[PDB]
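Encoded as structure tokens, the structure appears first; notes follow it.
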Amino acid sequence: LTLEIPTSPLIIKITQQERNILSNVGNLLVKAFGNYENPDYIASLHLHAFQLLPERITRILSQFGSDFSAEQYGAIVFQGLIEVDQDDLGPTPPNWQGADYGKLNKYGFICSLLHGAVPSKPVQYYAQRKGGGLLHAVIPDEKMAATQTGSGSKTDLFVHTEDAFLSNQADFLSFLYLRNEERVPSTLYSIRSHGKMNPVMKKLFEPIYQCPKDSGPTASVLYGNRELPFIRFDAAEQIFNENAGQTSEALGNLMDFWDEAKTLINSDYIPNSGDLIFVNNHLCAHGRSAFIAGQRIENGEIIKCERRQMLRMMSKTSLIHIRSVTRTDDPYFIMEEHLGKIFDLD
Ligand SMILES: [Fe+3]
């Protein structure tokens with residue numbers, strides 16, 4: 001049988017009963033542990049994940065965790081994982097620093113269980129908001145509108161795997177949409193959409209590429225299995241950056257790759273409130289189209305709306321492997337700065 005090349009993510013329609021289970025489990029964990037960063041909760045995370053998640057989610061995520069086959073896209077859309085009460089959530093804060101984690105506590109529990117069922121362990125990075133906790137609120141900040149960050153809006157966020165500049169980048173990501181009233185499409189790009197290993201892709205296994213953090217060590221864009229590889233890629237940071245410092249050969253290879261890759265980008269899915277996108281950060285890159293925060297256009301008219309709000313959680317399947325880059329007193333806190341180099345604070 002000829003290979004069925006994946007061009008889009010797996011879509012799971014979460015049922016009302018599953019949504020009810022998740023809500024009650026979220027509430028129980030809040031009462032039992034206070035918050036999702038409780039060391040007793042984190043230490044018994046996988047036990048809580050397999051015992052408390054709706055069983056179909058547990059089966060999906062378990063299958064996904066160990067699936068690096070030719071058929072695997074590397075992303076799952078869980079449609080309507082949660083019901084967001086928009087009025088209780090109230091207005092979106094001016095930036096991520098104004099997020100009410102007391103209100104997002106239950107969501108943090110739900111997201112950590114999803115990672116826990118992979119199985120994978122939520123982690124935080126000093127490279128991202130000086131850690132900023134296991135759960136990040138991704139909000140369009142008017143001051144950062146034209147930036148190539150999660151606090152951006154007016155500009156296209158070109159496809160990238162999270163933290164391509166780190167040797168210990170996240171294994172898994174979850175993006176929980178609380179609101180997307182601007183109807184911003186989610187953009188995904190899978191290395192598996194290319195199909196069979198070709199000459200353009202083979203050049204990416206060479207450890208000759210700059211992975212700029214946002215004289216420098218170089219890394220491979222493709223790694224892992226030679227036939228069915230893993231990817232570390234950031235189009236904006238490695239290609240569309242004058243200060244990337246790529247060699248003539250490396251830039252050519254990346255340009256050739258980008259030409260082939262850009263035709264495979266999937267921007268079909270527009271997330272709704274309560275959808276969660278779950279990603280294997282070694283298989284699938286993500287991005288977001290340009291938008292004006294707090295508005296959408298319908299019939300050539302501007303409809304004012306509440307500003308985009310999404311929750312991001314990152315995880316690693318092994319605490320052992322990352323142990324030389326984590327805090328002595330916190331094996332879930334990654335202190336890596338750039339491709340092996342650790343942040344030198346004092
Ligand atoms: Fe990202």
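Chains: A, B, ... in order of the structure tokens. Residues: from 1 per chain. Ligands: from 1, in order shown.
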8 Å shell around ligand 1 using only C-alpha atoms and all ligand atoms, listed as a PDB file with C-alpha atoms, in the first residue's frame:
```pdb
ATOM      1  CA  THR A 149       6.105  37.077  19.509  1.00  0.00           C
ATOM      2  CA  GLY A 150       2.857  35.794  21.118  1.00  0.00           C
ATOM      3  CA  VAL A 159       5.699  28.970  11.158  1.00  0.00           C
ATOM      4  CA  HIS A 160       8.207  27.811  13.743  1.00  0.00           C
ATOM      5  CA  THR A 161       8.757  24.940  16.175  1.00  0.00           C
ATOM      6  CA  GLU A 162       8.940  26.383  19.730  1.00  0.00           C
ATOM      7  CA  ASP A 163      12.456  27.440  20.906  1.00  0.00           C
ATOM      8  CA  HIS A 286       2.987  26.465  14.288  1.00  0.00           C
ATOM      9  CA  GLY A 287       2.198  30.064  13.371  1.00  0.00           C
TER      10      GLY A 287
END
```
Please identify all polymer residues within 7 Å of range 295-303 of chain A, counting only C-alpha atoms, omitting same-chain residues fewer than 2 positions from it, and present them as a PDB file with N, CA and C atoms, in the first residue's frame.
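Output (part39.pdb):
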```pdb
ATOM      1  N   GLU A 182     -11.567  37.527  16.603  1.00  0.00           N
ATOM      2  CA  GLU A 182     -10.992  38.138  15.397  1.00  0.00           C
ATOM      3  C   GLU A 182     -10.976  37.091  14.247  1.00  0.00           C
ATOM      4  N   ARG A 183     -11.268  35.806  14.575  1.00  0.00           N
ATOM      5  CA  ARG A 183     -11.292  34.642  13.686  1.00  0.00           C
ATOM      6  C   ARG A 183      -9.934  34.451  12.989  1.00  0.00           C
ATOM      7  N   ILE A 292      -5.936  42.394  13.525  1.00  0.00           N
ATOM      8  CA  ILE A 292      -6.015  43.602  14.327  1.00  0.00           C
ATOM      9  C   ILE A 292      -6.776  43.133  15.564  1.00  0.00           C
ATOM     10  N   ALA A 293      -6.126  43.217  16.733  1.00  0.00           N
ATOM     11  CA  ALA A 293      -6.709  42.782  18.004  1.00  0.00           C
ATOM     12  C   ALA A 293      -7.993  43.541  18.344  1.00  0.00           C
ATOM     13  N   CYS A 305     -14.699  43.487  18.908  1.00  0.00           N
ATOM     14  CA  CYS A 305     -14.850  42.287  19.743  1.00  0.00           C
ATOM     15  C   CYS A 305     -13.808  42.245  20.857  1.00  0.00           C
TER      16      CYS A 305
END
```
Practice task
Determine, counting only C-alpha atoms, which protein, DNA and RNA residues have an atom within 10 Å of an atom of residue 342 in chain A; residues of the same chain fewer than 2 positions away are not included. Present the result as number ranges by chain.
Solution key: A: 126-127, 166, 324-326, 334-340, 344-345
Selected residues written out, N, CA, C and O atoms, as a compact mmCIF listing (two decimals), in the first residue's frame:
```txt
# COMPACT_ATOMS: atom_id res chain seq x y z
N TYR A 126 13.54 29.62 31.33
CA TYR A 126 14.00 30.96 31.69
C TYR A 126 13.99 31.86 30.43
O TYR A 126 13.71 33.05 30.53
N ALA A 127 14.26 31.26 29.24
CA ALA A 127 14.25 31.92 27.92
C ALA A 127 12.87 32.50 27.56
O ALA A 127 12.78 33.36 26.69
N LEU A 166 17.10 26.33 21.32
CA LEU A 166 17.44 25.49 22.49
C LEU A 166 17.61 24.02 22.10
O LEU A 166 16.81 23.48 21.34
N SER A 324 21.11 18.45 33.24
CA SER A 324 22.28 19.35 33.31
C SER A 324 21.91 20.83 33.03
O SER A 324 22.72 21.71 33.36
N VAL A 325 20.69 21.12 32.49
CA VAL A 325 20.27 22.49 32.21
C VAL A 325 19.13 22.99 33.15
O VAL A 325 18.70 24.14 32.99
N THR A 326 18.65 22.16 34.09
CA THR A 326 17.57 22.59 35.00
C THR A 326 18.09 23.09 36.33
O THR A 326 19.23 22.80 36.71
N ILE A 334 13.95 24.86 33.13
CA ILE A 334 15.07 24.88 32.18
C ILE A 334 15.72 26.24 32.10
O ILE A 334 15.06 27.23 31.76
N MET A 335 17.03 26.27 32.41
CA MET A 335 17.92 27.42 32.45
C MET A 335 18.77 27.57 31.20
O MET A 335 19.65 28.44 31.17
N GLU A 336 18.54 26.72 30.17
CA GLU A 336 19.27 26.78 28.91
C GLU A 336 18.96 28.10 28.17
O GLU A 336 17.80 28.49 28.05
N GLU A 337 20.02 28.73 27.64
CA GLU A 337 19.95 29.98 26.90
C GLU A 337 20.04 29.79 25.39
O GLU A 337 19.24 30.37 24.67
N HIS A 338 21.02 29.04 24.91
CA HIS A 338 21.24 28.85 23.48
C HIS A 338 22.07 27.61 23.19
O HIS A 338 23.22 27.54 23.62
N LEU A 339 21.49 26.64 22.47
CA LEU A 339 22.11 25.38 22.02
C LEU A 339 23.19 24.81 22.95
O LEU A 339 24.33 24.64 22.54
N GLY A 340 22.81 24.57 24.20
CA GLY A 340 23.70 23.99 25.21
C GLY A 340 24.17 24.97 26.26
O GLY A 340 24.37 24.57 27.41
N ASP A 344 23.93 32.76 32.25
CA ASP A 344 24.87 33.10 33.33
C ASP A 344 24.27 34.30 33.98
O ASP A 344 24.31 35.39 33.41
N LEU A 345 23.62 34.11 35.13
CA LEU A 345 22.98 35.21 35.86
C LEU A 345 23.99 35.94 36.77
O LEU A 345 24.20 37.15 36.60
```
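Proximity to residue 16 in chain A was assessed for A:79, A:69, A:248, A:44 counting only C-alpha atoms; the smallest distance is recorded for A:79.
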Exercise for the section: Select, from A:209, A:36, A:125, A:64, the residue with the minimum atom-to-atom distance to residue 333 in chain A, counting only C-alpha atoms. Expected result: A:125
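As for CA of residue 331 in chain A and CA of residue 37 in chain A, they are spaced 13.0 Å apart.
The neighbours of residue 252 in chain A here are the residues that come within 12 Å of it, using only C-alpha atoms and leaving out any residue fewer than 5 positions away in the same chain; they are residues 200, 203, 204, 208, 209, 238, 239, 246, 247, 257, 258 and 259 of chain A.
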Handout entry: strand (DSSP E) residues, from DSSP on the backbone, in range 193-289 of chain A, as JSON, numbers by chain
Key = {"A": [209, 210, 218, 219, 222, 223, 224, 229, 230, 231, 276, 277, 278, 279, 280, 284, 285, 286, 287, 288]}
Problem - Surrounding residues of residue 73 in chain A excluding itself and chain neighbours under 4 positions, 12 Å, only C-alpha atoms, as a PyMOL selection string - result: chain A and resi 4-11+64+67-69+77+188-195+228+230+264-266+278-285
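Put simply, CA of residue 72 in chain A is 23.5 Å away from CA of residue 254 in chain A.
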Problem - A:201, A:290, A:111, A:184 ranked by distance to residue 153 in chain A, top pick (using only C-alpha atoms) - result: A:290
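Taking only C-alpha atoms into account, residue 46 in chain A lies nearest to A:317 out of the set A:317, A:273, A:174, A:253.
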Problem - Long-range neighbours of residue 123 in chain A as a list in words, 6 Å cut-off, only C-alpha atoms, 6 positions minimum in chain - result: residues 134, 314, 315, 332 and 333 of chain A
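Taking CA of residue 109 in chain A and CA of residue 51 in chain A as endpoints, the distance between them is 13.5 Å.
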Problem - Expected answer as a PyMOL selection string: alpha helix (DSSP H) residues in range 51-232 of chain A - result: chain A and resi 51-52+55-65+86-89+101-116+199-202
Exercise for the section: Compile the contact shell of residue 93 in chain A as a list in words: residues with an atom at most 12 Å away, counting only C-alpha atoms, same-chain residues fewer than 6 positions apart removed. Expected result: residues 99, 100, 101, 137, 138, 139, 140, 141, 142, 151, 294, 306, 307, 308 and 309 of chain A
Please, could you write that set of residues out with N, CA, C and O atoms as a PDB file, in the first residue's frame?
```pdb
ATOM      1  N   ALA A  99      -2.947  38.797  33.360  1.00  0.00           N
ATOM      2  CA  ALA A  99      -3.756  37.590  33.346  1.00  0.00           C
ATOM      3  C   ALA A  99      -4.038  37.134  34.756  1.00  0.00           C
ATOM      4  O   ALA A  99      -3.138  37.178  35.608  1.00  0.00           O
ATOM      5  N   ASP A 100      -5.297  36.735  35.004  1.00  0.00           N
ATOM      6  CA  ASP A 100      -5.739  36.290  36.316  1.00  0.00           C
ATOM      7  C   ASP A 100      -5.628  34.781  36.392  1.00  0.00           C
ATOM      8  O   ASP A 100      -6.563  34.074  36.042  1.00  0.00           O
ATOM      9  N   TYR A 101      -4.465  34.291  36.854  1.00  0.00           N
ATOM     10  CA  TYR A 101      -4.171  32.872  36.981  1.00  0.00           C
ATOM     11  C   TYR A 101      -5.052  32.180  38.029  1.00  0.00           C
ATOM     12  O   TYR A 101      -5.156  30.956  38.009  1.00  0.00           O
ATOM     13  N   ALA A 137      -0.410  32.835  29.471  1.00  0.00           N
ATOM     14  CA  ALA A 137      -1.506  33.488  28.770  1.00  0.00           C
ATOM     15  C   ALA A 137      -0.832  34.236  27.593  1.00  0.00           C
ATOM     16  O   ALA A 137       0.168  34.918  27.775  1.00  0.00           O
ATOM     17  N   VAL A 138      -1.305  33.980  26.382  1.00  0.00           N
ATOM     18  CA  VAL A 138      -0.822  34.584  25.137  1.00  0.00           C
ATOM     19  C   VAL A 138      -1.866  35.645  24.725  1.00  0.00           C
ATOM     20  O   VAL A 138      -2.991  35.323  24.328  1.00  0.00           O
ATOM     21  N   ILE A 139      -1.499  36.916  24.881  1.00  0.00           N
ATOM     22  CA  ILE A 139      -2.428  38.041  24.698  1.00  0.00           C
ATOM     23  C   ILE A 139      -1.847  39.111  23.768  1.00  0.00           C
ATOM     24  O   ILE A 139      -0.678  39.432  23.922  1.00  0.00           O
ATOM     25  N   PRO A 140      -2.621  39.686  22.810  1.00  0.00           N
ATOM     26  CA  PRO A 140      -2.057  40.752  21.959  1.00  0.00           C
ATOM     27  C   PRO A 140      -1.873  42.053  22.739  1.00  0.00           C
ATOM     28  O   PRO A 140      -2.842  42.617  23.257  1.00  0.00           O
ATOM     29  N   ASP A 141      -0.607  42.446  22.929  1.00  0.00           N
ATOM     30  CA  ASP A 141      -0.244  43.682  23.616  1.00  0.00           C
ATOM     31  C   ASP A 141      -0.097  44.734  22.511  1.00  0.00           C
ATOM     32  O   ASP A 141       0.716  44.548  21.594  1.00  0.00           O
ATOM     33  N   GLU A 142      -0.888  45.823  22.586  1.00  0.00           N
ATOM     34  CA  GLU A 142      -0.835  46.941  21.628  1.00  0.00           C
ATOM     35  C   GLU A 142       0.605  47.494  21.425  1.00  0.00           C
ATOM     36  O   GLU A 142       0.990  47.801  20.294  1.00  0.00           O
ATOM     37  N   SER A 151       2.786  38.092  21.951  1.00  0.00           N
ATOM     38  CA  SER A 151       2.237  39.415  22.306  1.00  0.00           C
ATOM     39  C   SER A 151       1.953  40.294  21.056  1.00  0.00           C
ATOM     40  O   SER A 151       1.472  41.422  21.186  1.00  0.00           O
ATOM     41  N   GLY A 294      -9.006  42.812  18.781  1.00  0.00           N
ATOM     42  CA  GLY A 294     -10.289  43.401  19.156  1.00  0.00           C
ATOM     43  C   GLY A 294     -11.237  43.736  18.010  1.00  0.00           C
ATOM     44  O   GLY A 294     -12.178  44.515  18.198  1.00  0.00           O
ATOM     45  N   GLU A 306     -13.961  41.300  21.791  1.00  0.00           N
ATOM     46  CA  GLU A 306     -12.970  41.095  22.839  1.00  0.00           C
ATOM     47  C   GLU A 306     -11.676  40.556  22.211  1.00  0.00           C
ATOM     48  O   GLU A 306     -11.724  39.835  21.216  1.00  0.00           O
ATOM     49  N   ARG A 307     -10.536  40.950  22.775  1.00  0.00           N
ATOM     50  CA  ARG A 307      -9.206  40.636  22.271  1.00  0.00           C
ATOM     51  C   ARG A 307      -8.805  39.162  22.502  1.00  0.00           C
ATOM     52  O   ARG A 307      -9.161  38.582  23.529  1.00  0.00           O
ATOM     53  N   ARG A 308      -8.086  38.564  21.519  1.00  0.00           N
ATOM     54  CA  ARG A 308      -7.621  37.165  21.508  1.00  0.00           C
ATOM     55  C   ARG A 308      -6.931  36.740  22.791  1.00  0.00           C
ATOM     56  O   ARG A 308      -6.145  37.507  23.343  1.00  0.00           O
ATOM     57  N   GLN A 309      -7.289  35.552  23.299  1.00  0.00           N
ATOM     58  CA  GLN A 309      -6.729  35.021  24.530  1.00  0.00           C
ATOM     59  C   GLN A 309      -6.541  33.520  24.411  1.00  0.00           C
ATOM     60  O   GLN A 309      -7.498  32.770  24.211  1.00  0.00           O
TER      61      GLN A 309
END
```
Fill in the blank from the handout: Min atom-atom distance to residue 272 in chain A from the set A:2, A:58, A:147, A:180, counting only C-alpha atoms, belongs to A:180
Handout entry: Counting only C-alpha atoms, the residue of A:145, A:25, A:135, A:261 that sits nearest residue 112 in chain A
Key = A:135
